[PDB]
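Peer 1: Have a look at this one before I ask anything.
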Amino acid sequence: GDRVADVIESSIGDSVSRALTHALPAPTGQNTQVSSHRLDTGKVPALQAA
Amino acid sequence: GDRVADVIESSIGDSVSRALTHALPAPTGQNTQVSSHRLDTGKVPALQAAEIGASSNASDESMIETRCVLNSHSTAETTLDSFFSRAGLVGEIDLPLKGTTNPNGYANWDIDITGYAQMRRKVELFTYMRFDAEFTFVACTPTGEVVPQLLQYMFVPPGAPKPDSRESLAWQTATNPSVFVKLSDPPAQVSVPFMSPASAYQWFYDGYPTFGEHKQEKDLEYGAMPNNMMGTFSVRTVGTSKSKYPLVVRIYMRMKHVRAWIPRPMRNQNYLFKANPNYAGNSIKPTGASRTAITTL
Amino acid sequence: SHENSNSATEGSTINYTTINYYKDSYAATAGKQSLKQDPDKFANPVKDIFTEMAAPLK
Amino acid sequence: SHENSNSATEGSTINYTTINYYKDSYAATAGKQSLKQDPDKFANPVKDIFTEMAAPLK
Amino acid sequence: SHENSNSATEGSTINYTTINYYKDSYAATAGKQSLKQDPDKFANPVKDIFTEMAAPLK
Amino acid sequence: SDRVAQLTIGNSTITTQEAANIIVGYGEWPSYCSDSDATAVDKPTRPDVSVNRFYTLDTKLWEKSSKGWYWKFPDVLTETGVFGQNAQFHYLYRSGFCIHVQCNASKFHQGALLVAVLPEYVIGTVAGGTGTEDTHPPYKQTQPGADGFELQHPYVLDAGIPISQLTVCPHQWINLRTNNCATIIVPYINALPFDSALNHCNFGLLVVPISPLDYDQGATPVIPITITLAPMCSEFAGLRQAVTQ
Ligand SMILES: Cc1nc(-c2ccc(OCCCCCN3CCN(c4ccnc(N)c4)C3=O)cc2)no1
């Protein structure tokens, strides 16, 4: 009998693969959408950290 | 009429103590709960900042992997009654036959607990204390022998006539209390109220009692509040002639119905005087022990 | 007991149980105190408290 | 208590509470008295009293 | 009695009756214990018990 | 949010950028006295602006061979402002205090202070060194003024008690890498609702460096320490002629 608590809450016996991602379809390349000019702060896609 | 506005919105006249905290029960130590591993950002109990002057808050659960533990260990013996209500020596009174201290069969003792350091160092952890008490008197010759002798005690409060002899008139004890007792009987023992004008016995007074040009010849009254000098305790061998037997009288105090305030540090140097925190300067021993190398036991 | 409230603890917010014979309550027993604590009065007396997980300085 | 009313205060208009074992009430304890006063018996025993504000002699 | 459960037997599955005056229950009397036994813990602790009449080894 | 702080009481105001949180001594705020606790019958006076504001005492220096200091409150303000010129007239006094300490330095300096508040910090002499010679501390060491007084034996705080246990009181540190100030708020700590302001001295501020100041040549050696403080919820009673001491 599993009467202790550290055995009930245990993560042992996990046959599942936690996947962050998930596949999607792509029969064609992506359709470029329209854009216009923006002059805002905070928003800044160019600056990355590699 | 309070017609202005700065008087209506005023904070003046606030008899309330804004308390951030609030007491809680704890008849037992805390029950350790279960935990598991965590691999997250942001959450980070280990990294504290002690510049704030507050203690840590990390626990066993949030640093390692624990189990469930149902703690039943009481916290009742760390209270103050269970820590202070234990008798100890506070005084001694000698009534010898022929000597130099008190040969004429009487003795006056100024009521002051601060003469033995087992009990002084317990109270000097706190600053203000409010307590009843229970004194106990143990009489005996120097050999420990027990003798058939009668004795009188008399609480002399402040402002009352101190006796100057064994055949004095202050011993009628019409209004003062007193305790007749023999040595063949058990110890005497009586109870005491909180007798101060103030609301607490402060073991530490930073100031002078009086006004004046404080010259060097009147610096012996630094650290003297008369709201603690609770009077005098007199004792004598009853009779008109001197006694056949020497005597010694030991006084034990037991505190009860206690309340304390203001934790503060603890003595580490030997005591020298009374009503005076002085220490020896050329003999400053460390707080504790020592060794040879930080890298080695 | 039809005694007097002469004790020192008259005015405290805890409850005692005692044994007495004389009319003066400062002659009673010590008894049992109420078991309570308040460590945040000496350990975390800060104005703006902070969370365990989240770092203090931000 | 099925004792006798031998005490000295038998006939006073105050109430006591006492402790006794013998049948004779003058062997009882002193006890607690009723807390009362009457300073106007010694300080202002006049026939025609007067007001604080208004002066006496008029 | 409004005393403490300081005794050693606090946690046993038997009942006592005692006499005490101090608040600490390890100062109480011994008293009467509950009359029980379990000889099969020391005499017949076997896994598969057997019958009196029928022989053990079969 | 926890770093930047501002302190506005009275006509005055304080700013600071690299600070820490604020401390409330012994877990509660100042207050005016209750009609139940109080005993005196005379009506007090409560100015509420002329006294409850930031006063600045004196600016010390922190060398490498420094040991420590202390100041007694509220002795520091008995000759300063409408506060002091009320405390001489009257006989009875009640107040709280906010206490702010300054010490700045660059990002190449290092050190740590301890800013503690101890009630009823009696001073004890050395008993002649031998132990037998009874002495007493003079008047300029128990009420040294606003100019402060320097310690000689800081390991025992000049009273037979270690500094290792001074954190049980309301304490803060000034680690020059992290912060540059320490703000402490204190209520009125005494057994009596009112008490004098000239004889009695309710508590003492201490400033003791644990890790010593250090730097390299070419860097600014003068590292001052300034002490700022403000009364709060100040009451007075027993009017009569002015008494210096
Ligand atoms: C009949 C008869 N009655 C008695 C009888 C005798 C004495 C009694 O008072 C006991 C009061 C205990 C007083 C305890 N405190 C409080 C503060 N304080 C000090 C002392 C010195 N310095 C400082 N800083 C503080 C001190 O010592 C009561 C009863 N015995 O015989």
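In the structure tokens, chains take letters A, B, ... by order of appearance, with residues numbered from 1 within each chain and ligands from 1 in the order shown.
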Just the residues within 10 Å of residue 45 of chain F, please, counting only C-alpha atoms, with nothing from its chain fewer than 2 positions along; format it as a list in words.
Peer 2: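 After dropping sequence-adjacent residues, the list is residues 42, 43, 47, 48, 86, 234, 235, 236 and 237 of chain F.
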Peer 1: Please dump the current selection as a compact mmCIF listing (two decimals), in the first residue's frame; keep C-alpha atoms.
Peer 2:
# COMPACT_ATOMS: atom_id res chain seq x y z
CA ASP F 42 -2.97 69.53 31.44
CA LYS F 43 -3.77 69.95 27.78
CA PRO F 47 2.59 71.97 16.62
CA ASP F 48 2.66 69.31 13.83
CA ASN F 86 9.85 73.91 23.36
CA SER F 234 5.52 65.28 19.19
CA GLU F 235 3.75 66.38 22.37
CA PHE F 236 4.78 68.66 25.23
CA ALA F 237 3.44 69.49 28.67
Peer 1: Mind listing the strand (DSSP E or B) residues of segment 117-281 of chain B, per DSSP on the backbone, as an MDAnalysis selection string?
Peer 2: chainID B and resid 128:140 150:156 179:182 188:192 201:202 232:237 248:253 255:261
Peer 1: Rank nothing, just name the residue among F:120, F:110, F:238, F:50 nearest to ligand 1, using only C-alpha atoms and all ligand atoms.
Peer 2: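 Of the candidates, the smallest distance to ligand 1 is held by F:120.
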Peer 1: Counting only C-alpha atoms, what is within 10 Å of residue 37 of chain F, bar same-chain residues fewer than 5 positions away, as a ChimeraX atom specification?
Peer 2: /B:15 /F:192-193
Peer 1: Looking at A:39, A:4, A:12, A:26, which one is nearest to chain B, with distances taken over only C-alpha atoms?
Peer 2: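 When distances to chain B are compared using only C-alpha atoms, the smallest one comes from A:4.
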Peer 1: May I ask you to extract the residues of chain D within 10 Å of chain C, using only C-alpha atoms, and to give them as a ChimeraX atom specification?
Peer 2: /D:17-18,31-32
Peer 1: Distance limit 9 Å, reference ligand 1, atoms considered: only C-alpha atoms and all ligand atoms. Which residues make the cut? Give them as a PyMOL selection string.
Peer 2: chain B and resi 90+110-115+129-137+152-157+176-180+188-196+200-205+223-225+227-235+253+274-276
Peer 1: Which neighbours of residue 57 of chain C fall inside 9 Å, counting only C-alpha atoms, when residues of the same chain fewer than 6 positions from it are skipped, and could you give them as an mmCIF file with N, CA, C and O atoms, in the first residue's frame?
Peer 2:
data_model
loop_
_atom_site.group_PDB
_atom_site.id
_atom_site.type_symbol
_atom_site.label_atom_id
_atom_site.label_comp_id
_atom_site.auth_asym_id
_atom_site.auth_seq_id
_atom_site.Cartn_x
_atom_site.Cartn_y
_atom_site.Cartn_z
ATOM 1 N N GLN B 48 18.772 36.560 -1.380
ATOM 2 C CA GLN B 48 18.205 37.551 -0.489
ATOM 3 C C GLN B 48 19.023 38.829 -0.584
ATOM 4 O O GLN B 48 20.072 38.881 -1.223
ATOM 5 N N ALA B 49 18.509 39.874 0.056
ATOM 6 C CA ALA B 49 19.261 41.094 0.314
ATOM 7 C C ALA B 49 19.124 41.399 1.795
ATOM 8 O O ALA B 49 18.022 41.685 2.271
ATOM 9 N N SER F 1 11.138 50.397 -7.662
ATOM 10 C CA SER F 1 9.958 50.491 -6.762
ATOM 11 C C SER F 1 10.393 50.379 -5.316
ATOM 12 O O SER F 1 9.979 51.162 -4.466
ATOM 13 N N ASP F 2 11.232 49.383 -5.045
ATOM 14 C CA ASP F 2 11.841 49.208 -3.735
ATOM 15 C C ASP F 2 13.139 49.984 -3.583
ATOM 16 O O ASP F 2 13.587 50.198 -2.449
ATOM 17 N N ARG F 3 13.743 50.421 -4.689
ATOM 18 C CA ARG F 3 15.010 51.142 -4.656
ATOM 19 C C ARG F 3 14.774 52.638 -4.481
ATOM 20 O O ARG F 3 15.274 53.249 -3.535
ATOM 21 N N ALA F 20 17.047 50.955 -0.091
ATOM 22 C CA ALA F 20 16.358 49.704 0.172
ATOM 23 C C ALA F 20 15.011 50.001 0.802
ATOM 24 O O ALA F 20 14.567 51.151 0.822
ATOM 25 N N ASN F 21 14.344 48.975 1.316
ATOM 26 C CA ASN F 21 13.029 49.184 1.882
ATOM 27 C C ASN F 21 13.170 49.934 3.204
ATOM 28 O O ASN F 21 14.273 50.168 3.699
#
Peer 1: Compile the contact shell of segment 6-8 of chain E as a PyMOL selection string: residues with an atom at most 12 Å away, counting only C-alpha atoms, same-chain residues fewer than 2 positions apart removed.
Peer 2: (chain B and resi 73-74+76-77) or (chain E and resi 3-4+10-12+16+18+22-30)
Peer 1: For the residues selected in the previous step, produce a file with N, CA, C and O atoms as a short mmCIF file (atom, residue, chain, number, x, y, z; two decimals), in the first residue's frame.
Peer 2:
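Contents of the output file result_18.cif:
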data_model
loop_
_atom_site.label_atom_id
_atom_site.label_comp_id
_atom_site.auth_asym_id
_atom_site.auth_seq_id
_atom_site.Cartn_x
_atom_site.Cartn_y
_atom_site.Cartn_z
N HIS B 73 6.37 18.53 18.21
CA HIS B 73 7.27 19.01 19.23
C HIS B 73 6.71 20.31 19.80
O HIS B 73 6.55 21.29 19.07
N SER B 74 6.42 20.31 21.10
CA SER B 74 5.81 21.46 21.74
C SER B 74 6.77 22.64 21.82
O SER B 74 7.99 22.50 21.73
N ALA B 76 6.20 24.87 24.53
CA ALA B 76 5.70 25.36 25.80
C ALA B 76 6.79 25.65 26.81
O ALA B 76 6.55 26.43 27.74
N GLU B 77 7.96 25.06 26.67
CA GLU B 77 9.01 25.22 27.66
C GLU B 77 9.94 26.39 27.34
O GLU B 77 10.80 26.72 28.16
N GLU E 3 -4.97 19.73 33.03
CA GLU E 3 -3.54 19.51 33.13
C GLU E 3 -2.97 19.19 31.75
O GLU E 3 -3.67 19.21 30.74
N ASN E 4 -1.67 18.90 31.73
CA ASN E 4 -0.93 18.64 30.51
C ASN E 4 -0.77 17.15 30.27
O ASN E 4 -0.75 16.34 31.21
N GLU E 10 0.97 8.69 27.11
CA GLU E 10 0.17 9.46 26.17
C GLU E 10 0.43 8.94 24.76
O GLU E 10 1.51 9.17 24.20
N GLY E 11 -0.55 8.24 24.21
CA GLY E 11 -0.42 7.57 22.93
C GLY E 11 -0.67 6.07 22.99
O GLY E 11 -0.60 5.42 21.94
N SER E 12 -0.94 5.52 24.16
CA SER E 12 -1.27 4.12 24.31
C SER E 12 -2.78 3.92 24.15
O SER E 12 -3.57 4.83 24.38
N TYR E 16 -6.55 4.65 31.84
CA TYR E 16 -6.16 4.70 33.24
C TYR E 16 -7.11 5.60 34.01
O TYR E 16 -7.84 6.42 33.43
N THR E 18 -6.50 8.00 37.59
CA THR E 18 -5.39 8.46 38.40
C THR E 18 -5.85 9.57 39.32
O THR E 18 -6.99 10.03 39.26
N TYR E 22 -0.73 18.45 40.92
CA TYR E 22 0.10 19.34 40.14
C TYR E 22 -0.30 19.27 38.67
O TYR E 22 -0.98 18.34 38.23
N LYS E 23 0.11 20.29 37.91
CA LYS E 23 -0.33 20.43 36.53
C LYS E 23 0.39 19.50 35.56
O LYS E 23 0.07 19.53 34.36
N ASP E 24 1.33 18.70 36.03
CA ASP E 24 2.20 17.90 35.19
C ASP E 24 1.88 16.43 35.43
O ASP E 24 2.04 15.94 36.55
N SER E 25 1.42 15.75 34.39
CA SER E 25 0.80 14.45 34.56
C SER E 25 1.79 13.34 34.84
O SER E 25 1.37 12.26 35.26
N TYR E 26 3.08 13.57 34.64
CA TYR E 26 4.07 12.59 35.09
C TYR E 26 4.25 12.58 36.60
O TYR E 26 5.07 11.80 37.08
N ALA E 27 3.54 13.43 37.33
CA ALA E 27 3.51 13.39 38.78
C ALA E 27 2.30 12.63 39.31
O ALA E 27 2.11 12.56 40.52
N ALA E 28 1.50 12.06 38.42
CA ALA E 28 0.29 11.37 38.83
C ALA E 28 0.65 10.00 39.38
O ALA E 28 1.81 9.62 39.47
N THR E 29 -0.37 9.27 39.78
CA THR E 29 -0.20 7.93 40.28
C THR E 29 -0.07 6.94 39.13
O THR E 29 -0.38 7.24 37.98
N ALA E 30 0.42 5.75 39.46
CA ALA E 30 0.45 4.67 38.49
C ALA E 30 -0.96 4.29 38.07
O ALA E 30 -1.32 4.40 36.89
#
Peer 1: Excluding same-chain residues fewer than 2 positions from residue 132 of chain F, what lies within 12 Å of it counting only C-alpha atoms, as a VMD selection string?
Peer 2: (chain B and resid 271 to 273 278 to 282) or (chain F and resid 125 to 130 134 to 135)
Peer 1: Counting only C-alpha atoms, collect the residues of chain B whose closest atom lies at most 7 Å from chain F, and write them out as a ChimeraX atom specification.
Peer 2: /B:13-21,51-53,198-200,204-209,211-212,214,216,219-220,264-269,276-282
Peer 1: Please, could you write that set of residues out with N, CA and C atoms as a compact mmCIF listing (two decimals), in the first residue's frame?
Peer 2:
# COMPACT_ATOMS: atom_id res chain seq x y z
N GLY B 13 -4.39 63.58 17.08
CA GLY B 13 -5.36 62.93 17.93
C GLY B 13 -5.62 61.51 17.50
N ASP B 14 -4.56 60.72 17.45
CA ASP B 14 -4.60 59.33 17.02
C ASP B 14 -4.03 58.48 18.15
N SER B 15 -4.92 57.94 18.97
CA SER B 15 -4.54 57.08 20.08
C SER B 15 -4.41 55.62 19.69
N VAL B 16 -4.30 55.32 18.40
CA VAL B 16 -4.26 53.96 17.89
C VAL B 16 -2.85 53.64 17.43
N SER B 17 -2.42 52.41 17.69
CA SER B 17 -1.10 51.93 17.32
C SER B 17 -1.24 51.12 16.04
N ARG B 18 -0.88 51.73 14.90
CA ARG B 18 -0.90 51.00 13.65
C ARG B 18 0.11 49.86 13.73
N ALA B 19 -0.38 48.62 13.75
CA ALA B 19 0.45 47.43 13.84
C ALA B 19 0.42 46.71 12.50
N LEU B 20 1.59 46.54 11.90
CA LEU B 20 1.69 45.80 10.65
C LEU B 20 1.46 44.32 10.87
N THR B 21 1.92 43.80 12.00
CA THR B 21 1.92 42.38 12.30
C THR B 21 0.72 42.02 13.17
N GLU B 51 20.75 43.86 3.41
CA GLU B 51 20.89 45.27 3.73
C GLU B 51 19.61 45.83 4.32
N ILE B 52 18.47 45.28 3.93
CA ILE B 52 17.18 45.72 4.44
C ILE B 52 17.09 45.54 5.94
N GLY B 53 17.84 44.59 6.48
CA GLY B 53 17.77 44.32 7.90
C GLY B 53 16.62 43.45 8.31
N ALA B 198 5.96 53.09 38.22
CA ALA B 198 5.96 52.98 36.78
C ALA B 198 5.13 51.77 36.38
N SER B 199 5.23 51.39 35.11
CA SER B 199 4.51 50.26 34.55
C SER B 199 5.43 49.09 34.24
N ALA B 200 6.69 49.17 34.66
CA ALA B 200 7.65 48.12 34.38
C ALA B 200 8.97 48.37 35.10
N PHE B 204 17.74 48.92 32.88
CA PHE B 204 18.68 49.79 32.19
C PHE B 204 18.05 51.17 32.05
N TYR B 205 18.61 52.16 32.74
CA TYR B 205 18.17 53.55 32.67
C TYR B 205 19.32 54.39 32.14
N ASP B 206 19.11 55.02 30.99
CA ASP B 206 20.11 55.88 30.37
C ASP B 206 19.72 57.31 30.67
N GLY B 207 20.24 57.83 31.76
CA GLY B 207 19.95 59.19 32.16
C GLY B 207 20.35 59.43 33.59
N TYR B 208 20.10 60.65 34.03
CA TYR B 208 20.30 61.08 35.39
C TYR B 208 18.94 61.29 36.06
N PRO B 209 18.83 61.10 37.37
CA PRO B 209 17.52 61.24 38.00
C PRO B 209 17.10 62.68 38.22
N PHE B 211 17.85 67.12 38.05
CA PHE B 211 18.36 68.26 37.30
C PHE B 211 19.56 68.86 38.02
N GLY B 212 20.41 69.51 37.26
CA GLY B 212 21.50 70.27 37.83
C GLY B 212 22.71 70.28 36.92
N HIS B 214 25.72 68.82 36.19
CA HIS B 214 26.24 67.51 36.56
C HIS B 214 27.76 67.53 36.63
N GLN B 216 31.56 66.21 38.31
CA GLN B 216 32.18 64.89 38.36
C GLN B 216 31.94 64.20 39.69
N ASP B 219 28.51 62.10 39.49
CA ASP B 219 28.32 61.14 38.41
C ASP B 219 28.01 59.74 38.91
N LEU B 220 28.01 59.52 40.23
CA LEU B 220 27.63 58.23 40.77
C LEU B 220 26.13 57.99 40.71
N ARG B 264 17.49 42.54 23.80
CA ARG B 264 18.76 43.21 23.58
C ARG B 264 19.87 42.23 23.89
N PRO B 265 21.11 42.55 23.51
CA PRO B 265 22.18 41.56 23.63
C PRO B 265 22.47 41.08 25.04
N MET B 266 23.42 40.16 25.15
CA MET B 266 23.71 39.44 26.38
C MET B 266 25.15 39.67 26.79
N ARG B 267 25.36 39.74 28.10
CA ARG B 267 26.68 39.99 28.65
C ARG B 267 27.64 38.89 28.23
N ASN B 268 28.87 39.30 27.92
CA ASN B 268 29.96 38.36 27.67
C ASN B 268 31.20 38.60 28.53
N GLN B 269 31.31 39.75 29.19
CA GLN B 269 32.40 40.05 30.10
C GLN B 269 31.93 39.91 31.55
N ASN B 276 25.64 49.21 37.29
CA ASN B 276 26.77 49.76 36.57
C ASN B 276 27.29 48.73 35.58
N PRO B 277 27.23 48.98 34.26
CA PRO B 277 27.63 47.94 33.30
C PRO B 277 29.13 47.80 33.05
N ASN B 278 29.96 48.33 33.94
CA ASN B 278 31.39 48.43 33.67
C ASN B 278 32.03 47.06 33.48
N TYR B 279 33.13 47.07 32.73
CA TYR B 279 33.88 45.88 32.37
C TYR B 279 35.35 46.19 32.53
N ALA B 280 36.16 45.15 32.65
CA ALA B 280 37.60 45.32 32.67
C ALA B 280 38.10 45.50 31.25
N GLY B 281 38.96 46.50 31.06
CA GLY B 281 39.39 46.89 29.74
C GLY B 281 40.66 46.20 29.27
N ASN B 282 41.59 45.99 30.19
CA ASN B 282 42.82 45.27 29.89
C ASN B 282 42.64 43.76 29.83
Peer 1: Between B:173, B:149, B:33, B:57, which is the closest to residue 44 of chain C once you count only C-alpha atoms?
Peer 2: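 Of the candidates, the smallest distance to residue 44 of chain C is held by B:57.
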Peer 1: Based on only C-alpha atoms, which of the residues in chain B come within 6 Å of chain C? I want them as a list in words.
Peer 2: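 Contact residues on the first chain: residues 23, 24, 25, 26, 27, 43, 44, 45, 54, 55, 191, 193, 256 and 257 of chain B.
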Peer 1: Go ahead and save the picked residues with N, CA and C atoms, as a short mmCIF file (atom, residue, chain, number, x, y, z; two decimals), in the first residue's frame.
Peer 2:
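File result_14.cif, as written:
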data_model
loop_
_atom_site.label_atom_id
_atom_site.label_comp_id
_atom_site.auth_asym_id
_atom_site.auth_seq_id
_atom_site.Cartn_x
_atom_site.Cartn_y
_atom_site.Cartn_z
N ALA B 23 -0.28 38.56 16.11
CA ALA B 23 0.18 37.32 16.68
C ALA B 23 -0.68 36.15 16.21
N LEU B 24 -0.07 34.97 16.24
CA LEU B 24 -0.69 33.74 15.79
C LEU B 24 -0.32 32.62 16.75
N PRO B 25 -1.10 31.54 16.79
CA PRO B 25 -0.77 30.42 17.66
C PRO B 25 0.27 29.50 17.05
N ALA B 26 0.94 28.77 17.92
CA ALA B 26 1.99 27.86 17.53
C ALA B 26 2.28 26.90 18.67
N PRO B 27 1.32 26.03 19.01
CA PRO B 27 1.57 25.04 20.06
C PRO B 27 2.57 23.98 19.67
N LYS B 43 11.59 32.82 -10.16
CA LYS B 43 11.49 32.25 -8.83
C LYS B 43 12.87 31.88 -8.32
N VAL B 44 13.27 32.46 -7.19
CA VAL B 44 14.64 32.31 -6.70
C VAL B 44 14.71 32.67 -5.22
N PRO B 45 14.27 31.78 -4.32
CA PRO B 45 14.27 32.12 -2.89
C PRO B 45 15.63 32.26 -2.26
N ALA B 54 16.21 42.53 7.44
CA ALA B 54 15.22 41.53 7.76
C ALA B 54 15.82 40.16 7.52
N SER B 55 15.30 39.18 8.25
CA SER B 55 15.85 37.84 8.18
C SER B 55 15.38 37.14 6.92
N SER B 191 4.64 35.94 49.21
CA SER B 191 4.39 36.44 47.87
C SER B 191 4.50 37.95 47.83
N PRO B 193 3.69 41.61 45.26
CA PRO B 193 3.11 42.21 44.06
C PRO B 193 4.09 43.03 43.25
N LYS B 256 6.94 35.11 38.70
CA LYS B 256 5.71 34.56 38.16
C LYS B 256 4.83 35.69 37.67
N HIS B 257 3.94 35.35 36.74
CA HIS B 257 3.04 36.31 36.11
C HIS B 257 3.85 37.39 35.39
#
Peer 1: Hey, what's within 12 Å of residue 184 of chain B if we count only C-alpha atoms and toss same-chain stuff fewer than 5 positions away? As a list in words, please?
Peer 2: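 Selected residues are residues 138, 139, 140, 145, 146, 147, 148, 149, 150 and 151 of chain B.
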Peer 1: I need the chain B residues near chain A as a list in words; criterion: at most 9 Å, counting only C-alpha atoms.
Peer 2: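 Applying the cut-off to the listed atoms yields residues 34, 35, 36, 66, 67 and 68 of chain B.
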Peer 1: Print the selection's residues with N, CA, C and O atoms to a file, as an mmCIF file, in the first residue's frame.
Peer 2:
data_model
loop_
_atom_site.group_PDB
_atom_site.id
_atom_site.type_symbol
_atom_site.label_atom_id
_atom_site.label_comp_id
_atom_site.auth_asym_id
_atom_site.auth_seq_id
_atom_site.Cartn_x
_atom_site.Cartn_y
_atom_site.Cartn_z
ATOM 1 N N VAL B 34 5.736 18.468 1.576
ATOM 2 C CA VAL B 34 6.453 17.757 0.525
ATOM 3 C C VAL B 34 6.830 18.749 -0.562
ATOM 4 O O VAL B 34 6.147 19.753 -0.780
ATOM 5 N N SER B 35 7.923 18.459 -1.261
ATOM 6 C CA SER B 35 8.344 19.246 -2.406
ATOM 7 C C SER B 35 8.967 18.342 -3.450
ATOM 8 O O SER B 35 9.252 17.167 -3.209
ATOM 9 N N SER B 36 9.170 18.918 -4.629
ATOM 10 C CA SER B 36 9.782 18.246 -5.757
ATOM 11 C C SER B 36 10.692 19.244 -6.454
ATOM 12 O O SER B 36 10.841 20.387 -6.019
ATOM 13 N N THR B 66 12.177 17.549 0.073
ATOM 14 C CA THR B 66 11.813 17.099 1.404
ATOM 15 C C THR B 66 10.713 16.049 1.325
ATOM 16 O O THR B 66 10.262 15.661 0.244
ATOM 17 N N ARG B 67 10.290 15.588 2.495
ATOM 18 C CA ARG B 67 9.173 14.683 2.671
ATOM 19 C C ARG B 67 8.157 15.348 3.593
ATOM 20 O O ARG B 67 8.396 16.430 4.129
ATOM 21 N N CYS B 68 7.022 14.688 3.789
ATOM 22 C CA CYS B 68 6.051 15.152 4.767
ATOM 23 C C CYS B 68 6.451 14.696 6.160
ATOM 24 O O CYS B 68 6.845 13.545 6.364
#
Peer 1: Enter the distance from atom CA of residue 218 of chain F to atom CA of residue 177 of chain F, in Å, rounded to one decimal.
Peer 2: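 Computing the Euclidean distance for atom CA of residue 218 of chain F and atom CA of residue 177 of chain F yields 19.0 Å.
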Peer 1: Would you mind reading off the distance between atom CA of residue 176 of chain F and atom CA of residue 105 of chain F, one decimal, in Å?
Peer 2: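 Atom-to-atom, atom CA of residue 176 of chain F to atom CA of residue 105 of chain F, that is 6.4 Å.
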Peer 1: Between atom CA of residue 12 of chain B and atom CA of residue 44 of chain F, what distance in Å does the model show, to one decimal?
Peer 2: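 Result for atom CA of residue 12 of chain B versus atom CA of residue 44 of chain F: 11.8 Å, one decimal.
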